[PDB]
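**Q**
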Amino acid sequence: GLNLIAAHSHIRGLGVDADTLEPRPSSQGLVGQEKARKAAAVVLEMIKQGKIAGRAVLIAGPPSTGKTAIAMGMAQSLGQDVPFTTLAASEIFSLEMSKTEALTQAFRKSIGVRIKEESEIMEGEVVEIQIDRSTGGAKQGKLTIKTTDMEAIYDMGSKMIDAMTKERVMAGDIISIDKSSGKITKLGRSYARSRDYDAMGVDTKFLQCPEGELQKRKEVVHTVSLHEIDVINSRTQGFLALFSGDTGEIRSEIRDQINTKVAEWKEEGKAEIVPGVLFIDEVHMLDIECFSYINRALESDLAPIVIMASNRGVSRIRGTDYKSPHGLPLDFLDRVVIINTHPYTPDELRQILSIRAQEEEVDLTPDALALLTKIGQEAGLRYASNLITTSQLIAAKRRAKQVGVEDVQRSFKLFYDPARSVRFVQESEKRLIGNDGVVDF
Amino acid sequence: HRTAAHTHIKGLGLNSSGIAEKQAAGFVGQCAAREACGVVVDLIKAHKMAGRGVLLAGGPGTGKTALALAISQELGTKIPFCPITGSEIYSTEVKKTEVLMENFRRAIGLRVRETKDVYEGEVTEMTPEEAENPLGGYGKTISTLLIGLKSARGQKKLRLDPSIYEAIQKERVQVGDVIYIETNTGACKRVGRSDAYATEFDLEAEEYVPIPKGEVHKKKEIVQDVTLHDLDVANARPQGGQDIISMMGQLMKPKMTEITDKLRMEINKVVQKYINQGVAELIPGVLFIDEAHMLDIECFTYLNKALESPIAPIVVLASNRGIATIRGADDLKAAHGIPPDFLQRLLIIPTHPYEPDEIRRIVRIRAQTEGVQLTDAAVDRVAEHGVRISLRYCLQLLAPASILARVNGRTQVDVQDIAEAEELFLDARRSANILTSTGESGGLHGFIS
Amino acid sequence: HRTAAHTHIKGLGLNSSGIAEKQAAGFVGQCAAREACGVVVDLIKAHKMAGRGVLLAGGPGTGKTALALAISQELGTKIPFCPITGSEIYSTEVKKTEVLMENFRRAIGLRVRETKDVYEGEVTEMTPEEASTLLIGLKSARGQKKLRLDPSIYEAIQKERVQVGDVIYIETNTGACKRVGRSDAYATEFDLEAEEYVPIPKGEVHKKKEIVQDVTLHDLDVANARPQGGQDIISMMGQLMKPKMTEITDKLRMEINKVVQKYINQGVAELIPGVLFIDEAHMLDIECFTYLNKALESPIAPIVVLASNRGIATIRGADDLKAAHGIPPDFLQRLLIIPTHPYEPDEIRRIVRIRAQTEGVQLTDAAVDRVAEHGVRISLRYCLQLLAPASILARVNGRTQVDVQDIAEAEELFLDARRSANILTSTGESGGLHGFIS
Amino acid sequence: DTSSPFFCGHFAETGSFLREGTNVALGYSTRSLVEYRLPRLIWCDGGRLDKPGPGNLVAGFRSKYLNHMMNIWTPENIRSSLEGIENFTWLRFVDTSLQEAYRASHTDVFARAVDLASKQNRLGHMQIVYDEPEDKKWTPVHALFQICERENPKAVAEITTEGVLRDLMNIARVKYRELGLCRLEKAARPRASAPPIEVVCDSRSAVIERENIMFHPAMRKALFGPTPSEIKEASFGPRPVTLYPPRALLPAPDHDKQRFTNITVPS
Ligand SMILES: Nc1ncnc2c1ncn2[C@@H]1O[C@H](COP(=O)(O)OP(=O)(O)O)[C@@H](O)[C@H]1O
Ligand SMILES: Nc1ncnc2c1ncn2[C@@H]1O[C@H](COP(=O)(O)OP(=O)(O)O)[C@@H](O)[C@H]1O
Ligand SMILES: Nc1ncnc2c1ncn2[C@@H]1O[C@H](COP(=O)(O)OP(=O)(O)O)[C@@H](O)[C@H]1O
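Chains E, A, B and G, in that order, give the protein sequences. The first sequence runs 17 to 150, 152 to 458 under the deposited numbering. Just so you know, the deposited numbering puts 84 at position 71 of the second sequence, and the rest follows in order with no gaps. The third sequence runs 14 to 144, 156 to 462 under the deposited numbering. Just so you know, the deposited numbering puts 1376 at position 99 of the fourth sequence, and the rest follows in order with no gaps.
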């Protein structure tokens, strides 16, 4: 259920030590890359510090050398505390709004405000409800509830009886009367009144009575970004915009006033600022109009740390015509700090394929693993990592248990690696449409 | 009952051991593509898939989309299959990555049980009961009702909110109208005058239905097939309930909007809450992007993050291009139009051209599919045109050659009818030859160059 | 207190006679540019300015925007300062010669002094006097107090749900009211009512405080064009009815100048002319240097500090002319151009020391020379971005101060752009399976 | 076999049939399973730039001195600029007043449409009555610049004996009715419905703001019509009195069998 095995469902953190920053070679999924993972550990430990601006670290390297892997490791090694925001750099070129403002919203989404305030809630099974609607109305009524320990009677206001017939609280429900507002979230049904429920399904879950006292205070901790507050303070009822994207050009005085009130909340001790992480995946897909704004959005106090990944070598910059390293302008490459990765040695290829095999729970003979490492030496990680999933199913065709050489050699036979596909294009020129000609036999 | 271009295809025609047997269930030959498509189909029907790339290479006229209809008829009806093109996503309301994600979440299905709570009655006494209304401009407001519903076995006399009264009021429910109040939204569709007030001397053309039998407070469970994009559109533009946002939001014109990341994650958590209650079943599907070389580089950049998701359907790309230039940046050439970075995700399936006997078998299958019977010399003539000219040109010389046959009182198509239809209806190559030869100079009897 | 790229900039660091002094207020060297920016700050404070343009030359790595943040902290919080990049002028809802005027109208400031008379307290009675005027007794923890209400502020109380003993917050001047909650003396009337039970305030009932507060003229333009915020409830649809930026015509601005000059002649408000800092002015194309050449000639226009780092480049939007700085010579004659020269090797060490004692990272004198070596041989933006990671490599290995070894490790963990270009070209030689894709 | 589209929200299930016998009360319990949890500092206290509570000390000053003092639509700030080349020169000639413009430049598009809903048109009738060659095309001087309001072929068309031009001005409705696109059964429908997303903020002020914006009874009154008690006190009085919904401003639904819902009845 919504945990289908993706291409990065085996990474459970960055995997490095947190005491001497040593990249131990096989832990939490990330296996083999040493120097880049130590530099990512240093960057990760200066994100959680908070006493640095929005800086820019560029994960440069060849294709399929573990850059999104390092980014997903840093995403998993923070939890749901410091806001990590992914950004493939083609979500910016929108039509609902401009392009620089679409970039500004992605900067504002990664600066959380974390505030902690209390509520007063009530657990418990309702023993019975009596409502004096006799022509009468919702005027007075009695509510007898209990936990395993407590038991109590309350009298109800009119704007609570109008909330009891709103949720239809029965005799046996497990409700949570939030006292400061009045909403009722029925946590379930009590088991002991299983006879007393007729208009339910045949298969219906039942809980037990809540344990402990019946009137307790919760210290809930909320964390919302500055883009949240910007979209909330933009219309009459405007938070729906951040669930439907219908926000437009937000005027800059609203963002300036919210940048003032967050500082006034911090100095009064009512709030706390958490700088997040913004991962601009495929940063070479930005034109120079983006870099002339990222060069100045990484200057203010309220700026998240930007981590970004580039594949291209000496390539052209979009918008302009002149080439540059990594597809980035040089006045912006002065800002960034570059981590270079390396291709993988064959034993590291073998154990990455071993981790990808143990993630999908596919049994492999060591001869088939040697053949698969031999394929991955010549066709990359993605092809062999797909041959695993293909070979399990081909072994399941003929009712086998373990995959072998006779199934990896079928998966290598049917599904071409891209080198043989380029050879197929080069040796089938006259029928494939190059630019002009179609020849039919 | 219309023979389209793809009607004889009824599946891949595979054995029990997954080996493609040629000339079975519509196809002719094409072994190494249909076995790989069978592997893709059993990859779909095993649910260990969270984004896999399957490319269908091969020149035009070799059956790339015949394999796609074979897959879509091999999976079944109850598995989602979204076929699009590469030119369809260039919209004018939203960015094209929004159209990509809307197709990705069209290609994921969900089967949910629901328990509707209808109040199915005949309205007996309808009387409003307004509340106090001091000086605030708008004046009085109706706040409480006493609507009495009367079913066949046991009546009921119930009390309503203002909003459910407005749901009644925008339906024009008089005394005598049977309704059923849907207490999930609040909606209430009038069905008609009850048959106790029936009169044949009538003019309103009302639909007289009898009193609904059973209890007035029914409760019924149904099964629904809802994709995740349906939930995205439902939570994006609200059209359920009886408030003002969900009522003035169905009078406006509907616009495709940009459903953001937060709604697409919150609906994922809501669906996981459905699955943990033992109610809904998830069934992922296929996004078939035909003509993938029309996508520019800003789409192959975003397909990486669209496939890195923990829930993502399998993508089947079709691209009939050789070494070509990518649409986005015109300075890097690559195979198929696919960029050289995105191409490594793909499990590339080739597709090879045909043979002078496989063309004869395809012509025979297409002739017995459309309903045109003919002689073997005519089959050899059409196969000769298939070898010389094209594959999907010689198939189209069967539809005039039937009609001309019916001109000459015949039933079967002989050599003369195809020898006349090859002269009335021309191909592209001889038309370009006539174009180059006759169109020597521009002028009165020339062509605009 | 978190470190940005310009935390150590406090001011220009000038004398009393307007002469810059070396290593003052965060700057190191850069004499003539700080003297010229001091003259610019005095011109802004002199109020004899209706549109002046100031361009800042000098390449990347030099201190152009440090001068701008020095000006912004030299003026103070009073005079408005609007920093915008060039690329922000492009929208999909308005033309790009209107976002410039929106920035000009965000630059000018209008200061109003108010004496807000706030009323916190519990309602004692709700007595309609005439048959109209309704008295309200506001009980505090120091004493109740009668209060006569207008018959229009009572229709703002009454829209809020205030009945008997709700504590309220009446603004006397602006007539703004908020229901804080139900008082805790009436808490246990019933037993499960749903209100926010708050205690009675243990202060005055009549708190008199004064507030100085600014309004930009663009907020006047928006608030006079379209209804904003308060009664704009149809904006919850979103599609066509949202507050889309609209083309504010010249007639509306020409009348708002009349109204603001009317409220200045009564001595109510004060006028303060601001600064518009347009950074990276090459992104401004030729369809905006035409409109600036008109819009700076208004008698109301603020000073514009432009920043540009390019040499003889191509003006955007018109590819068949080259000009210095990316600025057309039709417009370049208006500007006062200030140079910004590079840094000597004996003026980089002091920047390293100031940037080190800003972040708290203390280090020995044998490592300051190595960071200055990387500052001379590579760049200035790169050498200052090794003081913060190396400290992370200092407290992990059981140390407190940064030695030579941590920076020798950080130069290998954190490669710059130049050595990455050398690895990208020479080491990444063949374009194949394990090569870069140019 | 009746049916309905799928519903995404969170209603309240009825417990049993044998408990709530005869006199029961339905409650509008429709809420969205998609929630959005805000604290009581941002949604209530001082996070909104419009709510004029303490801590948000700007929002009272800014409201008054941008909507009522330094405003170019207040009648004092129009009365000084109405005498020549100045900006509200034209206001004398459009059929408005100072109070008309001041109400038109502060309400919504909605409330301004409700104010248009109780204005009887008369400049179309001038072309019917005052239509002589001797009469030299008389227009009132306080409605002089409303030229397109005055010369309109529709007003002359609605008076003629043969309806040869009334059968051309709304032929779209006649073609839409004669094709049977109102009696045709609705083939398609959305596969899921949902209530709008609400804020789970746990103050009483949040519930008050939700039931005053999301419901907002002034628009409901102006949309659905007047109370029958209001109709009785307006139709049994001694003098004619007006109504704030002068008629039910609900638009007529253009599909007769299935109006404003998605519920499907078999047939
Ligand atoms: N250190 C590693 N440990 C485990 N798996 C890895 C590692 N590096 C790369 N991979 C695998 O290799 C594949 C390619 O990595 P990815 O970062 O997506 O390539 P790219 O950098 O081109 O995006 C990923 O699916 C990932 O699972
Ligand atoms: N193996 C096959 N068996 C029968 N018909 C085929 C086969 N391959 C291709 N065709 C025919 O070729 C025609 C066009 O095929 P199509 O898939 O549209 O070509 P493309 O791959 O260029 O899209 C179809 O009408 C189909 O009937
Ligand atoms: N006089 C100075 N004293 C200290 N630091 C300086 C000085 N001049 C420049 N800097 C440094 O230069 C960096 C800013 O460069 P910047 O002016 O933004 O270049 P550009 O304007 O070309 O983008 C800051 O990190 C700042 O520390």
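No residue lacks a Cβ here, since even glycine has one placed at the ideal position from N, Cα and C.
(1) Can you tell me which of E:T277, E:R440, E:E266 and E:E228 puts its alpha carbon nearest to the alpha carbon of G140 (chain E)?
(2) Taking 8 Å as the cut-off, is the C-beta of residue 147 (chain B) nearer than that to any heavy atom in ligand 3?
(3) Less than 7 Å between C-beta atoms, sequence neighbours within five positions excluded: which residues of the same chain meet that for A391 (chain A)?
(4) Distance check for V239 (chain B) and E168 (chain E), CA to CA, integer angstroms please.
(5) Alpha carbon to alpha carbon, what distance is there between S1480 (chain G) and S1544 (chain G)?
(6) In the DSSP assignment, the alpha helix (DSSP H) including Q274 (chain E) goes from what residue to what residue?
(7) Helix or strand or just coil, what does DSSP make of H244 (chain E)?
(8) With DSSP as the reference, please indicate the residues paired to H21 (chain B) in a beta bridge.
(9) When the Cα atoms are used, what is the spatial distance from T240 (chain E) to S135 (chain E)?
(10) For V191 (chain A) and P1530 (chain G), I'd like the C-alpha separation in whole angstroms.
(11) So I322 (chain E) and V294 (chain E) are supposed to be a Cβ contact under 8 Å. How far apart are they, rounded?
(12) Just the C-alpha distance for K132 (chain E) and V238 (chain E), rounded to the nearest angstrom, thanks.
(13) Less than 8 Å between the CB atoms is what I'm expecting for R277 (chain A) and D309 (chain A), so what's the real figure, rounded?
(14) Taking 9 Å as the threshold (C-beta atoms), are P1282 (chain G) and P1430 (chain G) in contact?
(15) For the alpha helix (DSSP H) containing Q168 (chain B), list its first residue and its last residue.
(16) Taking 9 Å as the threshold (beta carbon to beta carbon), is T90 (chain A) in contact with chain E?
(17) Less than 8 Å between the CB atoms is what I'm expecting for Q43 (chain A) and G72 (chain A), so what's the real figure, rounded?
(18) Against chain B, with Cβ distances strictly below 9 Å, would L1343 (chain G) count as a contact?
(19) Given the structure, does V73 (chain E) come close to ligand 1, in the sense that its CB is under 8 Å from one of the ligand's heavy atoms?
(20) Provide the residue span of the alpha helix (DSSP H) that contains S85 (chain A), from first to last.
(21) So if DSSP puts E127 (chain A) in a beta bridge, which residue, or which two residues, is it bridged to?
(22) Out of B:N281, B:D215 and B:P175, state which residue places its alpha-carbon closest to the alpha-carbon of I178 (chain E).
(23) Using the three-state DSSP reduction, which class does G262 (chain E) fall into: helix, strand or coil?
(24) How about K83 (chain E): is its Cβ closer than 8 Å to a heavy atom in ligand 1?
(25) On a CA-only basis, which of G:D1322, G:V1418, G:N1348 and G:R1325 is nearest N281 (chain B)? Give me that one, please.
(26) Locate the alpha helix (DSSP H) running through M114 (chain B), then write down its first and last residues.
(27) Would you give the residue range spanned by the beta strand (DSSP E) that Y171 (chain E) belongs to?
(28) Curious, which full-length alpha helix (DSSP H) runs of at least 4 residues does the region 327-403 of chain E contain?
(29) Quick test of your reading: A180 (chain B) and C201 (chain B), contact by CB under 8 Å. State the CB separation rounded to the nearest angstrom.
(30) In its own chain, which residues sit with a C-beta less than 8 Å from the C-beta of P346 (chain E), not counting the 5 before and 5 after it?
(31) If contact means a Cβ-Cβ distance below 7 Å, which residues of the region 243-259 of chain B contact chain G?
(32) Given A320 (chain E), which residues of its chain have a CB within under 7 Å of its CB, disregarding the five upstream and five downstream residues?
(33) My assumption, with CB atoms under 8 Å, is that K153 (chain A) sits in contact with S1506 (chain G). Please give the rounded CB distance.
(34) Would you kindly check if the distance between the Cβ of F441 (chain E) and the Cβ of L360 (chain A) is under 9 Å?
(35) When you check each C-beta in the region 1298-1330 of chain G against every C-beta of chain E, which residues fall closer than 8 Å?
(36) Does ligand 2 have even one heavy atom less than 8 Å from the beta-carbon of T75 (chain A)?
**A** Based on what the coordinates show:
(1) Among E:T277, E:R440, E:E266 and E:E228, the Cα nearest to that of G140 (chain E) is on E:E228.
(2) Shown without residue 147 (chain B), the model has chain B running from 144 straight on to 156.
(3) Within the same chain, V426, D427, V428 and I431 come within 7 Å of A391 (chain A) by CB-CB distance, once the 5 residues on both sides are set aside.
(4) Each residue's Cα considered, the two are about 58 Å apart.
(5) Taking the straight line from one Cα to the other gives about 49 Å.
(6) Taken as a continuous stretch (DSSP letters only), the alpha helix (DSSP H) holding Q274 (chain E) covers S269 to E284.
(7) Three-state DSSP puts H244 (chain E) in a helix.
(8) DSSP, once it has assigned bridges, lists no residue as partnering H21 (chain B).
(9) Each residue's Cα considered, the two are about 16 Å apart.
(10) Roughly 20 Å separates the two Cα atoms.
(11) About 6 Å; that satisfies the 8 Å criterion.
(12) Rounded to the nearest whole angstrom, the CA to CA distance from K132 (chain E) to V238 (chain E) is 4 Å.
(13) Not quite, the Cβ-Cβ distance comes to about 23 Å (not below 8 Å), so this is no contact.
(14) The beta carbons of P1430 (chain G) and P1282 (chain G) sit no closer together than 9 Å.
(15) Taken as a continuous stretch (DSSP letters only), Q168 (chain B) belongs to no alpha helix (DSSP H), as it is neither H nor E.
(16) Chain E places no beta carbon closer than 9 Å to that of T90 (chain A), leaving this residue out of the contacts.
(17) That belief does not hold up - the Cβ atoms of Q43 (chain A) and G72 (chain A) are roughly 13 Å apart, past 8 Å.
(18) Chain B has a Cβ within less than 9 Å of the Cβ of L1343 (chain G).
(19) Outside the cutoff, so no.
(20) For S85 (chain A), the uninterrupted alpha helix (DSSP H) run begins and ends at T78 to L88, by DSSP.
(21) In the DSSP secondary-structure assignment, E127 (chain A) is bridged to A:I235.
(22) Minimum Cα-Cα distance from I178 (chain E) among the listed residues B:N281, B:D215 and B:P175 corresponds to B:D215.
(23) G262 (chain E) sits in coil when the DSSP states are folded into three classes, being neither helix nor strand.
(24) At least one heavy atom of ligand 1 is nearer than 8 Å to the Cβ of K83 (chain E), so yes.
(25) For the residues G:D1322, G:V1418, G:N1348 and G:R1325, the minimum Cα distance to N281 (chain B) belongs to G:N1348.
(26) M114 (chain B) -> alpha helix (DSSP H) spans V112 to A120.
(27) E168 to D172 is the span of the beta strand (DSSP E), which, as asked, contains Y171 (chain E).
(28) List check, alpha helix (DSSP H) in window: 347-350, 363-377 and 383-396.
(29) Confirmed, about 6 Å.
(30) Cβ neighbours of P346 (chain E) beyond the five flanking positions: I305, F308 and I334.
(31) From the region 243-259 of chain B, only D243, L244, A247, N248, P251, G253, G254, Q255, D256, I257 and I258 have a Cβ closer than 7 Å to chain G.
(32) Excluding residues within five positions, the ones whose Cβ falls inside 7 Å are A69, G70, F123 and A314.
(33) Contact flag correct, Cβ pair sits at about 6 Å.
(34) For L360 (chain A) and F441 (chain E), no; Cβs fall outside 9 Å.
(35) Shown in chain order are the members of the region 1298-1330 of chain G whose Cβ falls below 8 Å from a Cβ of chain E: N1300, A1302, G1304, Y1305, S1306, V1311, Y1313, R1314, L1315, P1316, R1317, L1318, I1319, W1320, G1323, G1324, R1325, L1326 and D1327.
(36) For ligand 2, at least one heavy atom lies less than 8 Å from the Cβ of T75 (chain A).
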